[PDB]
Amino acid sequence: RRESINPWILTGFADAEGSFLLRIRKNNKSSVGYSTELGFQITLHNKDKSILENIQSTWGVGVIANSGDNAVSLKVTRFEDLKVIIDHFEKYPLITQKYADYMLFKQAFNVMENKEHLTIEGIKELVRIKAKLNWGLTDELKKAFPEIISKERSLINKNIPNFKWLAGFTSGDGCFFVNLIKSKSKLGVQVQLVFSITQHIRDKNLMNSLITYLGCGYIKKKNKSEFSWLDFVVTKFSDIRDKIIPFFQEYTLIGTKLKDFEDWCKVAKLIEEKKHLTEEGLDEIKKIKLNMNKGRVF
């Protein structure tokens, strides 16, 4: 059932789940020896295929396909379709550092719109653009286009623009979790509700702003080898009851995350009724938990 997604929900979701793409491919059938492909894409779990169909219908662009065993993607690379992407993100701009990637995608669009990508000089300009996009140059492009190139990206400083963006972002990178803490009590399990949003460290400022915007929570920094990311986290029930739950009751989530939030809420009500301290209440929470998050079948 195709439903129109609000454009700021969509942009918040794009900030959490979109990726731009710029292919500069060796091609023995291209006059300059390289062909290109420019686009935007989203990859989700199969259980969320509906989001992709809603976006495909809301925009009128893109093609949907399996992405391996368990995921599905919406890719938009038809050049004329990319005008839709630009019109959307011009009106409802990305908020995270991905915004810099959007601007690089715009620059590549302009090169191609002037048909300059059919010249080697235009291929070279696309390479300079791609050197700053996402993961930058591949080994093949480094080898083929030796050049000291600026690598500094525009640092993005933008406030959360409105709460629909936040609902979109949370639908992508958020998590509603029932933590079962093993204790020695007679019941022997403490039920703890956790709300989290996870993000690369490059957007520490935006994540830190969530403390102010939502009136609760804290930031946990995590490092693993050379990689760093952050979790905005809320574990205090009174904050979950009075701030997190009413926020998302008002600003609706999309996809499977919505059902997780609803289940989470059913656990919160049980907790408020103190039935998490009874055996029968705990069994019910355990049963709700088994069907949340990755365990959910559909």
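Numbering starts at 1 and runs along the sequence shown.
Chemist: Would you tell me which stretch averages the higher CA B-factor in the PDB entry, 50-58 or 37-45?
Modeler: 50-58 has the higher mean C-alpha B-factor.
Chemist: Regarding 127-135 and 185-193, which shows the higher C-alpha temperature factor on average in the entry?
Modeler: Higher of the two, by average CA B-factor, is 185-193.
Chemist: Have a look at 173, 116, 203, 101 and flag the one whose Cα has the highest B-factor in the entry.
Modeler: Answer for 173, 116, 203, 101: 116, with the highest C-alpha B-factor.
Chemist: For the C-alpha B-factor as written in the entry, point me to the maximum among 199, 162, 157, 179.
Modeler: Going by the entry's C-alpha B-factors, 157 comes out highest.
Chemist: Among all modelled residues of this chain, ranked by Cα B factor, put residue 242 in the bottom, middle or top third, i.e. lowest, middle or highest.
Modeler: Residue 242: CA B-factor falls in the middle third of its chain.
Chemist: Sorting the chain's modelled residues by C-alpha B-factor, tell me whether residue 65 ends up in the lowest, middle or highest third.
Modeler: As the PDB entry reports it, the C-alpha B-factor of residue 65 lands in the middle third of its chain.
Chemist: Using the temperature factors of the C-alpha atoms in this entry, rank residue 122 within its chain: lowest, middle or highest third.
Modeler: It belongs to the highest third of the chain when residues are ordered by C-alpha B-factor.
Chemist: Of the three thirds of its chain by CA temperature factor, lowest, middle or highest, which one includes residue 258?
Modeler: Middle third by C-alpha B-factor.
Chemist: Should residue 215 be placed in the lowest, middle or highest third of its chain by the C-alpha B factor in the entry?
Modeler: Middle third, going by the recorded CA B-factors of the chain.
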